[PDB]
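The block underneath contains the structure these notes are about, expressed in structure tokens.
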Amino acid sequence: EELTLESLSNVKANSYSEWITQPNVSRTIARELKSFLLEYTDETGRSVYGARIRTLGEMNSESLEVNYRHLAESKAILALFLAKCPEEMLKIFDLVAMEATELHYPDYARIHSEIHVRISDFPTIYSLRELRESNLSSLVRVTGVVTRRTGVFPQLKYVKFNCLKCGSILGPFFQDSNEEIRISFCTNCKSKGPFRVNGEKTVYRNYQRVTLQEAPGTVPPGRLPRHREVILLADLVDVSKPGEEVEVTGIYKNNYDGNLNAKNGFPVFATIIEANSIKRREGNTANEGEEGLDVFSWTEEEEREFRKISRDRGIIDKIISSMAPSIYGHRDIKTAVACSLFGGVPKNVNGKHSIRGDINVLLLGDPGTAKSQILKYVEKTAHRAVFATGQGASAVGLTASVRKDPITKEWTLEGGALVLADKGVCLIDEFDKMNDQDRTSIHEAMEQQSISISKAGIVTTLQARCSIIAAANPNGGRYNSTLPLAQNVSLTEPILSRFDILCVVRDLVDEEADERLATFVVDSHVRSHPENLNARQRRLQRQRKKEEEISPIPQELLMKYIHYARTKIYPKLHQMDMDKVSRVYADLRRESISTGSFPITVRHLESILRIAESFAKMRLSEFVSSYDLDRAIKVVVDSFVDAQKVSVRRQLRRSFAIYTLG
Amino acid sequence: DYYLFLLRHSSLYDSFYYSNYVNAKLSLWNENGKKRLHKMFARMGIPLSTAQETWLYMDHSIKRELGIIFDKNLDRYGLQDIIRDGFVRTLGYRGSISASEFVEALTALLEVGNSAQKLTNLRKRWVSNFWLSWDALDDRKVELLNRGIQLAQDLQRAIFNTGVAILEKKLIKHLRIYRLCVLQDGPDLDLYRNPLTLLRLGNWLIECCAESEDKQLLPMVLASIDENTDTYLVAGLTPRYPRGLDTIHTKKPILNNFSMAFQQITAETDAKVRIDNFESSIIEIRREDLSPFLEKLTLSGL
Amino acid sequence: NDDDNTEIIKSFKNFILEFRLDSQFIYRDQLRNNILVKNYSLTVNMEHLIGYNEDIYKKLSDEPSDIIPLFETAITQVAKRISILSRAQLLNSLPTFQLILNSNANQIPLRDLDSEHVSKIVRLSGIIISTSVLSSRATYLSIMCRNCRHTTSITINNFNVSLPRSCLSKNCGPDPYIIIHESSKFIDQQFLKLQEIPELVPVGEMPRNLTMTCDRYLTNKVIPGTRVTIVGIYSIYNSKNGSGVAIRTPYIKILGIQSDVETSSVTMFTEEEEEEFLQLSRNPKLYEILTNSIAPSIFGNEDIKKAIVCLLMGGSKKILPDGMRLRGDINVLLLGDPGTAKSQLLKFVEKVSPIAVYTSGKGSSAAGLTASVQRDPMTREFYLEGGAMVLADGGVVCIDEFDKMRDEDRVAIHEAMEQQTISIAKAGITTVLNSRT
DNA sequence: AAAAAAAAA
Ligand SMILES: Nc1ncnc2c1ncn2[C@@H]1O[C@H](COP(=O)(O)OP(=O)(O)OP(=O)(O)O)[C@@H](O)[C@H]1O
Ligand SMILES: Nc1ncnc2c1ncn2[C@@H]1O[C@H](COP(=O)(O)OP(=O)(O)OP(=O)(O)O)[C@@H](O)[C@H]1O
Ligand SMILES: [Mg+2]
Ligand SMILES: [Zn+2]
Ligand SMILES: [Zn+2]
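This is the structure:
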């Protein structure tokens, strides 16, 4: 038996589907696939799939992710076979993956009997409009949005029957999730008769089906969307959420239907898509830095690099300077944004007191100050981001809404904009113009971190953990430096007090500043010109060279670092000065409304603590040191003092200099 | 039986998590320890959700084959010294109790239950706790033992939470003769006014220190704070050999010279201490008097 | 086949008749005290069953729906043994006894339930949102034929039967049987809906609902809006009337219920807690020990806490022979500057009160508070559905951002709070409804 | 057929 790879080039059967299942070639495919995933070497010289299997064993999950381009660069014929005949290849590849997993963990079958594989990124991408007859029974990659999700129900996987006319027990049968098992002659007795399921000896799966429309960002303008049906098997249940744009790699298949034939009067068949991989594509449209189902996941070596680079001196400065590397100046805005997207620690006292652990930021200033670019970068880098703007958002659109389901005909809850911002940031542009009724509906979202609805006989409370970043413009289009903040905007104290860090940006006239800004802008414009081994990695090193000149660290490493710090590190607060902070709060209560107009309350003390915890988080440290508290108090004092009239700004600056000596 | 913390009354995951020997051998105070523990569990084959259930409802087949699972899996991680032989007592349909679990329950019930005037009040509280522990001995009472078991769990949690912070902060100063660490500030420091609780913490710390690559056997000094009295409670601790050592290097157990050092310093210098505990290596010293004293102990022949 | 059933019944009867700790046979005395008060039920604790013998618990955990009825008939056999005399040879109005279980196993969240929990005993917690009306079920059916016209009896168990084929032995039909409704035994069944607790919902998701079924004594025990702990069986029932292929909607069969309120709200308290409450009432500084206990995490406010305590205690309801009503509650309004901790007291007041609801005045409507007139799509009939001010009847309702509430919505509460009754007239429904809060 | 929630004038 010549089980050589080159013998697979030429087919002897009429089609691939009847050739792959041949016993002679199937074992060759299995052994070659084993030699592939046991020996594939990455750029560093180590088997990446080994680390993948170790991590899978740690997390005891169900899905092992195999990269498509890895299987394409080496052993392209197997990739072609997978692309043309997915159903017949995934079974063999699951078998070999199970063998590989049991190689590292003997007796792992007790944890789970079968393993499912996932394909990372197929080369060709289609749309819902571009679907034809040719691409049937083959892998497809479809981008869309989720509209209606049915739910979770079990299914039979290994079906057996007991025929009582002859006492015959049928063997284990499989189900294709869309076809009913139909047996004609009922095994050896060769006769049809009554039978029963006898489900005491059976195994179960769970499924979920969903409706997929077209993304409004890719539909032709003024046209209508197209709908398809997507079926999710085990380990893919509840991964997708309503209203979330997704990209699904799956298999295209067709089945008969009666009413569909009746209405059209022609032999037309229905089509469904069974999912094989899902990738969320909400907000973060930047999808060129790295490949994979998720870009916020880290390997063990990346964790090691995080720990190695999280201990160097002055990492806070590098993190701040590496954010928005194409915007000149505005150091305070960068620091505030970093402290807002790193967050704090929520506090629960005896399960009976609640302290919010997220920081809000309000921006304000003159036009032409690139606030919207900062907001766009924040949306790009955050894991969960939602963009609202001006009057285009309503009060019930941000919060939860109640809707009557057209099918079952009863009221149900519809997830609002803020619900999608859980463990994330919600970004608002043109905050000032938004109508007051559209603005007063986020007070609980800012402070109470919970949404309560009592409408149409439904009384429920919805949790919301979101950070709000807003941008606005002052009255008259410019900030009058010789007037207090109370006469610059129409917002009141109840909304102003809920913002921790408030930044005021002024556009002045300076010669050397203008020359420097012009030089930086011109060099940025020249830098981003579209015209200046494997060519792809040469393009990658060119991108890295172009990137290293404005940012101390690469962007994808920064995103994974932010995710890791938000997930695992929880700072603790023990050895801090009681009296310094208490006296500073007393001093801020002094002056303020007693001399000016800006409101200061107990919320700002908790804001100082949260900023200190955020600064502790940035270093991947479990305990808050004194330097972090000094930085936080300096930031808060500067932000307070830099929002007064020009008559008292110098006086307050020299009055508050005793707390931030350093 | 095994060197495990309340195996028959807590989940197997917590039993591995809180065990002092396992902690020392696998460094569970950082994340690599938890990763190694998860590798251990996955290779043994017990599901993470199954291992986090009560021992009563834990799967019967795995409870039966646990011995073989441990025998085949512990060798790679090097925990083959955890298996030993112990005594188990059963009375009717009540259940099963082991000697180690019973003594831990008794110790914790002694620890927790229910200037000079406050010291006398503390001492009478301690004698009342002793009487309650004595009453708990008889077989007719079991609500005085379930409470002790749950208090043991709580106290071990608190000790672990304080020790991880100490090891993070690196408060263990390495002097030329003896190591030193002082719990100047932190949470729940009022619990450590009990000498037996302080000895428990010191035992865990000395086990962690011994289970390292350092080749120095030095006595350890541990101190705490009682802000009401403004006094330090200082206890001297002896070094200990690794539990997995032969008898040839056990010619004589390690002695304790801290009592002699303290008595000599107090007899040659008018320090404001109060040496009255039956344990001669535990003293109460003043906050302002701790340091000079310390240098004296550094300069005196130990 | 029958030998194994007899062995299992004998094992359970031996467990009941032989289990003793110290000098008391607890279960026999429990059966006595239950029969004396006409509560034909028995409560089994898992720890006792495991301590007695492990094989019985193993068999119960393996296939519960097949084993439980054997235990529930062994219980009634023992009850007839130890409650009536043979008299050398009647009423015998003793139905099959109900079995209730308690356990302390690890809880399982609702969203964690999957295919591996089918036909297993699980313990979980949720919140009750709606209770169905009780319906009847048949247990002992007297069946009459039409052609041969003989009598037969059918005994039906509730766990996990159709008209028998052919007659009992001329030439009758396939199923020539009818149901004799008189001389038949019936029981009660009820349906409940369970919802995930707010603090355990995963990231960026929405609560999921589940359906539970209870029967006999377990019915009419809970009310909507109360946190409960349920132990039961997670099984699946097909839906012929009702997408997909070979689908099966799951549900829960209730075996045991624990509640914090313990359905106390006549007096259900025993003597120990009664004397404890009396001794606490003898404390001469109980007012301060209660004022200090209202949100000890909030500093400075004292008159607010005294007002909250006075509201929690409530007034004394009064009625007159003339028919007029007098209100028996006090309403407290907090109207002050921001940052003075007003909502943090509202959530704590919601937590302390036995019956309370917390809602915002912004996301609320007049029809979404008092009573919403829904319409069943199937039978096409109108019926009233409760809002938020009827769920909080007999308790306190927590409203924040009262000024953000719409003017048209704020007027419906006038009569509801000044007379404690709401009157509705919609689609021919004229009902006065009581709401005291 | 009748009640109740949402966006736009
Ligand atoms: N250092 C810089 N500061 C400000 N703007 C900069 C800087 N460098 C470049 N720019 C350019 O300034 C422009 C400002 O963009 P944009 O008009 O969106 O800002 P904005 O005034 O904050 O917007 P909006 O109207 O939403 O308030 C961008 O085109 C950006 O490329
Ligand atoms: N007296 C106080 N003692 C302790 N904490 C306080 C006190 N007053 C306010 N706080 C703190 O204020 C924070 C915010 O309070 P909260 O949002 O409930 O205020 P509020 O007065 O109800 O606001 P609003 O009027 O805007 O609804 C909380 O974290 C709480 O700890
Ligand atoms: Mg509020
Ligand atoms: Zn046959
Ligand atoms: Zn007949």
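Residue numbers (the deposited numbering), protein chains in the order written: chain 2, 179 to 710, 738 to 867; chain E, 323 to 436, 462 to 649; chain 5, 20 to 108, 128 to 198, 205 to 213, 234 to 306, 319 to 341, 346 to 517.
Using N, Cα and C, we set each Cβ at its ideal position, and we do this for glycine too.
> If you measure from the beta carbon of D535 (chain E) to each beta carbon in chain 2, is any gap under 7 angstroms?
Replying inline: no
> Between the C-alpha atoms of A817 (chain 2) and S628 (chain 2), what's the straight-line distance to the nearest angstrom?
Replying inline: 24 angstroms
> In chain order, what residues place their C-beta within less than 5 angstroms of a heavy atom belonging to ligand 5?
Replying inline: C186 (chain 5), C211 (chain 5)
> What does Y71 (chain 5) touch in chain E if you count any residue whose Cβ is under 7 angstroms from its own?
Replying inline: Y415
>> Against chain E, with Cβ distances strictly below 7 angstroms, would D784 (chain 2) count as a contact?
In response: no
> Where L132 (chain 5) and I54 (chain 5) are concerned, what is the direct C-alpha to C-alpha distance, given to the nearest angstrom?
Replying inline: 10 angstroms
>> Just to be sure I understand the criterion: a residue counts if its Cβ is closer than 7 angstroms to at least one heavy atom of ligand 7. Which residues meet that?
In response: Ligands displayed in this structure: ligand 1, ligand 2, ligand 3, ligand 4 and ligand 5; ligand 7 is not among them.
>> Any beta carbon from chain E within less than 7 angstroms of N144 (chain 5)'s own beta carbon?
In response: yes
>> Just to confirm, is the Cβ distance from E460 (chain 2) to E422 (chain 2) under 7 angstroms?
In response: yes
> Considering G602 (chain 2), what are the terminal residues of the alpha helix (DSSP H) in which it resides?
Replying inline: Not the alpha helix (DSSP H): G602 (chain 2) falls in the beta strand (DSSP E), residues 602 to 607.
>> Any heavy atom of ligand 1 closer than 6 angstroms to the beta-carbon of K549 (chain 2)?
In response: yes
>> Please state whether the Cβ-Cβ distance between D610 (chain 2) and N651 (chain 2) is less than 7 angstroms.
In response: yes
> Can you list, in chain order, the residues of the segment 338 to 362 of chain E whose Cβ is nearer than 8 angstroms to any Cβ on chain 2?
Replying inline: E353, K357, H360, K361
> Using 8 angstroms as the Cβ pair cut-off and three pairs as the minimum, do the segment 761 to 773 of chain 2 and the segment 792 to 800 of chain 2 touch?
Replying inline: no
>> Mapping the DSSP letters down to three states, classify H621 (chain 2) as helix, strand or coil.
In response: helix
>> Quick check: what's the CA-CA separation for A505 (chain 5) versus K397 (chain 5)?
In response: 28 angstroms
> Beta-carbon of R504 (chain E) versus every beta-carbon of chain 2: anything under 7 angstroms?
Replying inline: no
> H531 (chain 2) CB to nearest chain 5 CB: under 7 angstroms?
Replying inline: yes
> Can you name the start and end residues of the beta strand (DSSP E) that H294 (chain 2) belongs to?
Replying inline: 294 to 297
>> Using the three-state DSSP reduction, which class does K517 (chain E) fall into: helix, strand or coil?
In response: coil
> Taking the continuous beta strand (DSSP E) assigned at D22 (chain 5), which residues delimit it?
Replying inline: Not the beta strand (DSSP E): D22 (chain 5) falls in the alpha helix (DSSP H), residues 21 to 37.
>> By the DSSP assignment, the alpha helix (DSSP H) with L640 (chain 2) in it spans what residues?
In response: Looking at the DSSP string, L640 (chain 2) is not in any alpha helix (DSSP H); the run it does join, the beta strand (DSSP E), is 636 to 641.
>> Strictly closer than 6 angstroms from CB to any heavy atom of ligand 2: give me those residues in the order they appear in the chain.
In response: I533 (chain 2), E625 (chain 2), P672 (chain 2), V807 (chain 2), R808 (chain 2), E811 (chain 2), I378 (chain 5), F379 (chain 5), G380 (chain 5), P418 (chain 5), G419 (chain 5), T420 (chain 5), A421 (chain 5), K422 (chain 5), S423 (chain 5), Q424 (chain 5)
> beta strand (DSSP E) containing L541 (chain 2): first to last residue?
Replying inline: 539 to 543
> How would you write the range of the beta strand (DSSP E) that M65 (chain 5) sits in, first residue to last?
Replying inline: Taken as a continuous stretch (DSSP letters only), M65 (chain 5) belongs to no beta strand (DSSP E), being part of the alpha helix (DSSP H) at 65 to 71.
>> Can you list, in chain order, the residues of its chain with a C-beta nearer than 7 angstroms to that of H768 (chain 2)? Leave out the 5 residues immediately preceding and following it.
In response: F474, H561
> Is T439 (chain 5) close to chain 2, meaning its C-beta is less than 7 angstroms from at least one C-beta of that chain?
Replying inline: yes
>> Which residue marks the beginning of the alpha helix (DSSP H) containing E430 (chain 5), and which one marks its end?
In response: 423 to 432
> Cβ of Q641 (chain 2) less than 7 angstroms from any chain 5 Cβ?
Replying inline: yes
> When you check each C-beta in the segment 620 to 640 of chain 2 against every C-beta of chain 5, which residues fall closer than 9 angstroms?
Replying inline: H621, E622, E625, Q626, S628, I629, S630, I631, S632, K633, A634, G635, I636, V637, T638, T639, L640
> Would you call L663 (chain 2) buried or exposed, if buried means 16 or more other Cβ atoms sit within 10 Å of its Cβ?
Replying inline: buried
> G345 (chain 2) lies in the beta strand (DSSP E); which residues open and close that run?
Replying inline: No beta strand (DSSP E) holds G345 (chain 2); DSSP gives it neither H nor E.
> Is the Cβ-Cβ distance between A468 (chain 5) and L449 (chain 5) less than 7 angstroms?
Replying inline: yes
> With contact counted as at least three CB pairs below 8 angstroms, one residue from each stretch, are the segment 243 to 258 of chain 2 and the segment 293 to 311 of chain 2 in contact?
Replying inline: yes
> Any chance the CB of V699 (chain 2) is under 6 angstroms from a heavy atom of ligand 1?
Replying inline: yes
>> Is it buried or exposed, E452 (chain 2), if we count other Cβ atoms within 10 angstroms and call 16 or more buried?
In response: buried
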